[PDB]
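> Got a sequence here, can you build the structure:
(chains A and B, ligands or ions: 1)
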Amino acid sequence: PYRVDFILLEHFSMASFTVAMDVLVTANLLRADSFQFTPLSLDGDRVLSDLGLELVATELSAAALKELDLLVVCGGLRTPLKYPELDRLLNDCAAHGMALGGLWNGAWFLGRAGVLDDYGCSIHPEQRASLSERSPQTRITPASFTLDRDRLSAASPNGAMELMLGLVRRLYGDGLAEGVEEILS
Amino acid sequence: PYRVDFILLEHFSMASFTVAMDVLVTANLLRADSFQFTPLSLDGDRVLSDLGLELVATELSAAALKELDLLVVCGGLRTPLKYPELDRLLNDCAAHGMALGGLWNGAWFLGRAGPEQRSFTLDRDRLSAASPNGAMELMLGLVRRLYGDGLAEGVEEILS
Ligand SMILES: [Mg+2]
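Numbers count the residues shown, from 1 in each chain, chains lettered A, B, ... in the order given. Sure, the structure comes next:
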């Protein structure tokens, strides 16, 4: 069971998050227990999305990240660029051997944390300039998603759907991913 | 501001419900105070979506259904075909002319009045949709009607 958790930041792109989840759930629909996932919050059991809706989430536990294969930072247009704690948290997750990710502008955070050094990534245009300024060793891919080793990132909802399809393809084959796509699309 | 409220039933289609909300929030981005909305629950302040995620909602209230210009029934595949209160309450809302709608198979509950056979359709003041994509056009038509093709076309360019 590939374990992936999503850190939902305030004003996170709901469409980015829900489409990525759809892919992982639909994958399970055709192939049992392929993925285990959990929405996570840095502070609280509720996170507000860019749609005004709040989602219930588990309060992140530095310890309970240990059993993870992938930690994804979910941001959005109005997502505040703070959360200084994410820097050592992601660095340690990177040291531990975890794959790391970001939707919409989550790559900005992976960038500041120094975990995209000599890696490609996708990020929303609004934060492209800052990401390059803070992380010179990070390359900006001229496309909506990026699958570079253990660094997965997307700049848009569609990029996020392709990103998780890329993940499904890399783990269980073109067969499952192609099947997942048929249902969703 | 036009008022639309969504009743989220257990296992409701998240994708279906979210894209609908996207159209409205987006319209508000292009034209302030265009819409107002609230997710509603028959029991508890939390509802399990079809994706395993739970959204915080507001428990349904009759006295509240006074400033509502539209009410929608959001359902999903594994959603149970029950909820008795959906007869008195729906008919009561129709008893006020109030607009009513349904997403995915939330039209079935509409059938207790007027593959769950029983993508979208806008019939006078009774809206419907049987797919996430149908939910999009559904709310786009709502905008096209209450505000025109201009604002409606603008929203369509953003979501995609
Ligand atoms: Mg720092």
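
> CA atoms for contacts and neighbours, from now on please.
Fine.

> can you tell me the helix or strand for the closest residue to chain B within chain A?
Closest residue of chain A to chain B, C-alpha to the nearest C-alpha: residue A:55 (4.4 Å). Remark: residue A:55 resides in strand A:54-56, with elements defined by DSSP states H and E.

> counting contacts, what elements does that strand pack onto?
Contacts defined by 3 or more C-alpha pairs under 8 Å, 6 or more residues apart in numbering or on different chains; DSSP states H and E place strand A:54-56 against strand A:46-48, strand B:54-56.

> pretty sure residue A:127 contacts residue A:105?
Yes. At 6.6 Å, residue A:127 counts as touching residue A:105 under the criterion of C-alpha atoms under 8 Å.

> Which one's more surrounded, these two?
residue A:105 (29 against 17; other C-alpha atoms under 10 Å in any protein chain shown).

> Get me the contact residues on chain A for chain B.
A:14-15, A:18-19, A:21-22, A:25, A:39, A:51, A:53-56 (C-alpha under 8 Å from any C-alpha of the partner chain).

> at 6 Å instead, please
Residues of chain A found near chain B (C-alpha under 6 Å from any C-alpha of the partner chain) are A:54, A:55, A:56.

> With neighbour count as added columns, please give the residues you listed in JSON lines.
Below are those laid out as JSON lines (neighbours: other C-alpha atoms under 10 Å in any protein chain shown):
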{"residue": "A:54", "neighbour count": "21"}
{"residue": "A:55", "neighbour count": "23"}
{"residue": "A:56", "neighbour count": "20"}
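
> one step back: including distance to residue A:92, could the helices and strands packed on strand A:54-56 go into TSV?
Output for the helices and strands packed on strand A:54-56, formatted as TSV (distance: least, C-alpha to C-alpha, whole Å):
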stretch	distance to residue A:92
strand A:46-48	24
strand B:54-56	29
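
> Go through those and name the closest to residue A:81.
Closest to residue A:81 of those, according to C-alpha to C-alpha: strand A:46-48, at 15.3 Å.

> Now the closest one: buried residues?
Buried residues in strand A:46-48, defined by neighbour count with 16 or more other C-alpha atoms under 10 Å in any protein chain shown: A:46, A:47, A:48.

> can you check stretch A:59-75 too?
Those would be A:60, A:65, A:68, A:69, A:70, A:71, A:72, A:73, A:74, A:75, for stretch A:59-75 by 16+ other C-alpha under 10 Å.

> Same question for stretch A:110-130.
Buried, per 16+ other C-alpha under 10 Å, within stretch A:110-130: A:110-116, A:119-124, A:127-128.

> So which residues make contact with it?
With C-alpha atoms under 6 Å, 6 or more residues apart in numbering or on different chains as the test, stretch A:110-130 has contacts from A:87, A:104-105, A:107, A:135, A:137-141, A:144-146, A:153-155.

> again, but for stretch A:49-58
A:11-14, A:39-41, A:45-48, B:54-56.

> picking up where we left off before, and the strand holding residue A:55, how far out from the chain's middle?
17 Å (C-alpha atoms, centre = their mean, to the nearest Å).

> who's in contact with the closest residue to residue A:54 other than its chain neighbours?
Spatial nearest neighbour of residue A:54, excluding adjacent residues (C-alpha to C-alpha, 6 or more residues apart in numbering or on different chains): residue A:48 at 4.3 Å. Going by C-alpha under 6 Å, 6+ apart, residue A:48 touches A:10, A:11, A:54.

> what's the answer for residue A:35, then?
Contacts of residue A:35 (C-alpha under 6 Å, 6+ apart): A:1, A:2, A:3.

> Just the buried residues out of those residues, in ChimeraX syntax.
To isolate the buried members of the contacts of residue A:35 in ChimeraX, using 16+ other C-alpha under 10 Å:
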select /A:3
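
> How many residues are close by residue A:166?
Counted with other C-alpha under 10 Å, residues neighbouring residue A:166 total 18.

> so residue A:105 touches residue A:73, yeah?
No. In this structure residue A:105 lies outside contact range of residue A:73 using C-alpha atoms under 6 Å: 8.4 Å.
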